[PDB]
Ligand SMILES: NC(=O)c1ccc[n+]([C@@H]2O[C@H](COP(=O)([O-])OP(=O)(O)OC[C@H]3O[C@@H](n4cnc5c(N)ncnc54)[C@H](OP(=O)(O)O)[C@@H]3O)[C@@H](O)[C@H]2O)c1
Ligand SMILES: O=C(O)Cc1nn(Cc2nc3cc(Cl)ccc3s2)c(=O)c2nccnc12
């Protein structure tokens, strides 16, 4: 399969381009190359501060009739400072304006943790903890449902939600729309078996982020865990005559996940797409799952006392 079916009846391309830390100076070309080579899914966010430059790329490719809007699957996310119910629509509309689109295919709650509204992405106190908002997950969900009902987005979902947080939404009295997708960190060092099984059992598609272990994450040292340099994964790559990145991208695909590797490098954008023409073996899959070490690149550590912090739970 090149696409997975969502609970709104749309089909979500299983490979997408990530855009976190894709600078304004390079992301337009990155998106253009990606669309050229065949990516039909772009993962965006207001907090990435590059949606205008993504929007330019998309628009140019639509106008040049390289791709049809209906063939593209564009995702963005609601930032934590816009969880208050009256702020959600404006946040979505700003993303739509910046991306130069009339609708999003999917709009996610980026984190379950609301922050105080205002100009700062991360409002902080002297303890190094975030200033929260008095919002709750269910009220924010209700505001997200209104975006579907108004035509601004085709589907809504969540990101970095744990299974109890998912459950809270699913059991909401008067629920209108289930989450379509839960986008979570997933890779061989954080395999998320239990949460994936949960979501899959509930008909929620999982998108795996940081599939290459986010080697460009801020202040990575070379001594930290590196998936791309794990000799055991290199060995699997060598056996298939593929790159380590191609193995790491193919892995989630064989778990029936969506995956969103990021690159601004044209050669890597192109090479990372060559994942539809080989299979990892059963033993490969088992072996990679065995490398789980509960290592999170994205642990939201400024927010560990937030009532909606997602990572205290086992899954
Ligand atoms: N929902 C959330 O909370 C959340 C959190 C994290 C990530 N995300 C999404 O997931 C996307 C992917 O995760 P990520 O950006 O953290 O990390 P990633 O995709 O695991 O890794 C990105 C890094 O890998 C490098 N790279 C790409 N292809 C490579 C290849 N073939 N060989 C070697 N290095 C390669 C990139 O370098 P170059 O760009 O320099 O080529 C970049 O530094 C994000 O961009 C964002 O869209 C969402
Ligand atoms: O979370 C995202 O969507 C992308 C992202 N964003 N960021 C930016 C920041 N995250 C945080 C988190 C906190 Cl709790 C505080 C400041 C920052 S700045 C990353 O550092 C990072 N590192 C690895 C993988 N993805 C990321």
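Going by Swiss-Prot, the residues shown for chain A are 2-316, listed in order.
Using the three backbone atoms N, Cα and C, a Cβ is placed for every residue, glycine included.
Within the set 62, 101, 155, 263, Swiss-Prot records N6-acetyllysine at 263. Swiss-Prot records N6-acetyllysine for one of 86, 95, 120, namely 95. Comparing 117, 222 with the features listed in Swiss-Prot, the residue bearing the annotation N6-acetyllysine is 222.
In this structure, residue 251 (NADP(+) binding site) is part of a helix by DSSP. A gap of 5 Å separates the Cα atoms of residue 78 (site 'Lowers pKa of active site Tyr') and residue 111 (substrate binding site). When Cα-Cα distances from residue 251 (NADP(+) binding site) are compared across the modified residues 3, 95, 263, the shortest belongs to 3. In terms of C-alpha distance, the listed recorded positions 2, 111, 222 place 2 closest to residue 241 (NADP(+) binding site).
Taking the C-alpha positions, the distance from residue 2 (N-acetylalanine) to residue 263 (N6-acetyllysine) comes to 21 Å. Here the recorded positions are 95, 111, 222, 241, 251, and the one ringed by the most other CB atoms within 10 angstroms is 251.
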